[PDB]
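This report concerns only the one structure given below.
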Amino acid sequence: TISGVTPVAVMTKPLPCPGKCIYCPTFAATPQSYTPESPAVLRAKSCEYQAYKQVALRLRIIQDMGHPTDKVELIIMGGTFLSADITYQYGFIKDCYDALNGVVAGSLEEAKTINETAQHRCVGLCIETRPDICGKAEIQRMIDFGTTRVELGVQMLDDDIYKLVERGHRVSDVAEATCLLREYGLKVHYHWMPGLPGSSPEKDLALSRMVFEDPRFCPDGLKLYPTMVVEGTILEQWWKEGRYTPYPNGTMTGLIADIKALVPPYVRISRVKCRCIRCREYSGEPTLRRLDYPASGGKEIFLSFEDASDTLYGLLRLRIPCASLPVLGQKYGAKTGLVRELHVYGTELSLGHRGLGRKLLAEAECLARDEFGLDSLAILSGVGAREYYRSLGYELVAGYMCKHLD
Ligand code: FES
Ligand SMILES: [Zn+2]
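Numbering (my numbering), first residue to last: 1061 to 1466.
The following block contains the structure:
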C-alpha cells in the first residue's frame, strides 16, 4: 500500500507584464484569473503570496484532511514567475523547500540536500510558464530549482486565436520552448483550452489533432481548461458587446470527448472513452510495451507495463536527444540519454513491489546502451526522489542523477 504524490500548489506575487506596452494591464495576466474561486489562488491572496506561509498552510490542510504528505509535488502557478527578479525566484523556491523541511537552511542547495532525506519529500517540482518565457537561461534556473515538470501556457496552438494572457505568443515560441525543455530532460505539459475568441469547435478539434501529429509538439500531457465567461474579467465585456460567444454545454462536452478520443498512448489528459494515461491507471500479469515517436529532432521512447486489458501499471519516458545541452563534465560522455519520467502507478518512487521501476530503468539502460550506443543515462529527478536512484547506482551531477552505461 503505497501513498500517492500530493500536489502542493502555490502562487507567486502579482508581477508587471513581461513586455513593455502602455495598453497592457497593471499586472501580468494569469490563467488562474479565470479560475478565481479555486482554493489555491484564494489561499495565495490570503497569504499575501508568501511562499513559506502558503506551503506551510497547504501542508497543514492536507494533513487535516487525512491525506499523506510524505511525497509532495510543488507546483508554482502564475506563468510569469521566471520573468521576475532572480533573487525573488531563488528566495521563493528556497522558502518552499524550507517549509517542506521544517527547518531553515543556509541556502537553496542545503535546503534541497536536506529535503533529499526529509519527511515531506519533494518528488517533483512543476513550474507554469509562458512559451515566450522559456529560454535556455530560464530552463537552467529551473534546473537550479529542482524542476521536473513544466506547464506551458499554450492555451491554443494558433497565432490568430486570442489568448487569455496579455500580448500573447506565437506557435514558433511553443516549438522552441518544447524543444529546449525536452533537450534538458524535463516533462512537458500544455495548457489546452477550447473555446477561445477567434476560434471554433472544428478548429479546436483540428488543432488538437495536429498537436499530436507534428514533431514540433506532441506534449506529454494536456491540461484542459474549458473556456467560459467569468464575471469580473475582460471576456465578460467581450460577451456583453457580443464580440465573444461561448460554446453550449453539449458542444463543449462533445468537443472535449472528441479531443480525448484522439490522444496517443503516451499522453496524459487532466481536467482543471478516453484511452490516455489517466484513463488506464489501475487478470493478466503486465508485459513491457515500447512506443517510439519523433520529437524536436530527437527520438522519444515511451516504455510501459500493461496487461491484456491494456491497463497501465507503470511508464518510463526515454529521450534520444538531438544534442547534449546538459553539461555533465567529461566523466559522462558526449552522448547521453535522458529519462524524462519514471512513474510506477500510481505514484513516484522516492525511498531507497517497486520492481516495475527497476525493470523499466533496466530496459531503458539496455536500449540506450545497445540500440543507440549511448555512453550514459541522465535523470532529472526531484530532490526528494534522488535517494531512490542512488540505490540504483546513480550519482548526482549538476542536478541530474547520472550513471555510466556498461
Ligand atoms: S494590450 Fe498591451 S499588448 Fe495587447
Ligand atoms: Zn483520460
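Even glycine gets a Cβ: it sits at the ideal position worked out from N, Cα and C.
**Message:** Please return the same chain residues whose Cβ sits closer than 7 Å to the Cβ of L1295, not counting the five positions on each side in sequence.
**Reply:** Same-chain partners within the cutoff: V1289, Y1304.
**Request:** Drop a sphere of 10 angstroms on the beta-carbon of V1234, count the other beta-carbons inside from all chains shown, and report buried for 16 or more, exposed for fewer.
**Result:** By the 10 Å Cβ count, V1234 comes out buried.
**Asked** Under 7 Å from any heavy atom of ligand 1, does the C-beta of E1262 make it?
**Response** Flag unset: Cβ of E1262 not near ligand 1.
**Request:** Under 8 Å Cβ to Cβ from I1199, same chain only, skipping five residues before and after it: list those, please.
**Result:** Scanning its chain for C-beta atoms nearer than 8 Å, with the 5 sequence neighbours on each side dropped, one finds around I1199 the residues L1240, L1241, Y1244, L1246, in chain order.
**Span of the alpha helix (DSSP H), counted from its first residue to its last, around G1151** = Where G1151 is concerned, the enclosing alpha helix (DSSP H) stretches over 1146 to 1161.
**Option in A1368, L1168, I1146, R1446 with minimal Cα separation from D1155** = Per the Cα distances, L1168.
**Closest residue to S1143 among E1226, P1078, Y1307 (Cα-Cα distance)** = If we check each option's Cα against that of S1143, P1078 comes out closest.
**Message:** Could you check whether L1217 and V1231 sit closer than 8 Å to each other, using their CB atoms as the reference points?
**Reply:** Yes, Cβ-Cβ distance for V1231 and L1217 is below 8 Å.
**Prompt:** Quick one, which of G1064, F1087, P1067 has its alpha-carbon nearest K1073's?
**Reply:** Distance from the Cα of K1073 is smallest, within the candidate group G1064, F1087, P1067, for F1087.
**Request:** Output the boundary residues of the beta strand (DSSP E) element that contains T1396.
**Result:** Per DSSP, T1396 belongs to the beta strand (DSSP E) from 1396 to 1404.
**Classification of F1432 by the beta-carbon crowding that lies within 10 angstroms, buried from 16 upward** = Classification of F1432: exposed, given that the 10 Å Cβ count is below 16.
**Request:** On the DSSP bridge assignment, give the partners of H1464 in chain order.
**Result:** For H1464, which the question treats as bridged, DSSP gives the partners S1436.
**Prompt:** Any heavy atom of ligand 1 closer than 7 Å to the Cβ of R1227?
**Reply:** At least one heavy atom of ligand 1 is nearer than 7 Å to the Cβ of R1227, so yes.
**Message:** Could you give the first and the last residue of the continuous beta strand (DSSP E) run that contains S1330?
**Reply:** Looking at the DSSP string, the run of the beta strand (DSSP E) that includes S1330 is 1328 to 1331.
**Request:** Out of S1268, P1254, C1278, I1316, point me to the one whose CA is closest to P1306's CA.
**Result:** When the alpha-carbon of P1306 is set against those of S1268, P1254, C1278, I1316, the nearest one is in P1254.
**Prompt:** Do you know how far the Cα of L1322 is from the Cα of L1416?
**Reply:** For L1416 and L1322, the distance between alpha carbons rounds to 28 Å.
**Request:** Note down the Cα distance separating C1339 from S1330, rounded to an integer number of angstroms.
**Result:** Spanning the two alpha carbons is a distance of roughly 10 Å.
**Rounded separation between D1192 and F1205 - CA only** = If you draw a straight line from the Cα of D1192 to the Cα of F1205, it is about 20 Å long.
**Message:** By alpha-carbon positions, which one of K1359, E1341, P1325 ends up nearest to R1349?
**Reply:** Nearest in C-alpha terms to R1349, of all of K1359, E1341, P1325, is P1325.
**Request:** Let me know if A1458 comes out buried or exposed under the rule of 16 or more other beta-carbons within 10 Å of its beta-carbon.
**Result:** Label assigned to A1458: exposed.
**Message:** Can you find the residues in the same chain that come closer than 8 Å, C-beta to C-beta, to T1066, ignoring five residues on each side of it along the sequence?
**Reply:** If we look at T1066 and ignore the five residues flanking it on each side, its Cβ neighbours are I1122, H1127, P1128, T1129, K1131, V1132, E1133.
**Request:** Could you work out which residue in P1096, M1071, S1268 is closest to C1107 when comparing CA atoms only?
**Result:** Ranking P1096, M1071, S1268 by Cα distance to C1107 puts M1071 first.
**Request:** Classify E1366 as helix, strand or coil using the three-state DSSP reduction.
**Result:** Of the three classes helix, strand and coil, the one that applies to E1366 here is strand, per DSSP.
**Request:** Pull up the distance between the alpha-carbon of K1463 and that of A1438, whole angstroms please.
**Result:** Straight across, the Cα-Cα distance linking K1463 with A1438 is about 7 Å.
**Request:** Kindly indicate which residue of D1219, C1194, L1465, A1266 has the alpha-carbon position closest to the one of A1237.
**Result:** Comparing C-alpha distances from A1237 to each of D1219, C1194, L1465, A1266 shows the shortest one belongs to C1194.
**Message:** What does the Cβ neighbour count give for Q1179, buried or exposed, with the cut at 16 atoms within 10 Å?
**Reply:** It is exposed - the Cβ of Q1179 has fewer than 16 other Cβ atoms within 10 Å.
**Asked** Within the present structure, is the beta-carbon of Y1405 separated from the nearest heavy atom of ligand 4 by less than 7 Å?
**Response** Questions concerning ligand 4 fall outside what the structure shown contains, since the ligands it does hold are ligand 1 and ligand 2.
**Request:** Compute the distance between the beta-carbons of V1327 and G1374, then report whether it is under 8 Å.
**Result:** With respect to the 8 Å criterion, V1327 and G1374 are not classified as neighbours on the basis of their beta carbons.
**Request:** Please name the residue in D1466, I1203, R1181 whose C-alpha comes closest to that of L1385.
**Result:** For the set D1466, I1203, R1181, the Cα lying nearest the Cα of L1385 is the one of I1203.
**Prompt:** For ligand 2, which residues count as neighbours when the test is a C-beta closer than 5 Å to any heavy atom?
**Reply:** Listed along the chain, these residues meet the criterion: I1329, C1334, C1336, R1338, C1339.
**Message:** For a test of the three-state rule: what should DSSP assign to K1172, helix, strand or coil?
**Reply:** Assignment of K1172 by DSSP, reduced to helix, strand and coil, places it in the helix class.
**Item:** Contacts around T1293, its chain only, beta-carbon distance under 8 Å, and the 5 residues preceding and following it disregarded
**Value:** Around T1293: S1093, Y1094.
**Message:** Given the structure, does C1084 come close to ligand 1, in the sense that its CB is under 7 Å from one of the ligand's heavy atoms?
**Reply:** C1084 Cβ: within cutoff of ligand 1.
**Asked** Could you check where the alpha helix (DSSP H) with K1223 kicks off and where it finishes?
**Response** It is not in any alpha helix (DSSP H) - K1223 carries neither H nor E in the DSSP assignment.
**Asked** Taking all protein chains shown into account, do 16 or more other C-beta atoms lie within 10 angstroms of the C-beta of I1380, making it buried, or fewer, making it exposed?
**Response** The residue in question, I1380, is buried, as its Cβ has 16 or more Cβ neighbours within 10 Å.
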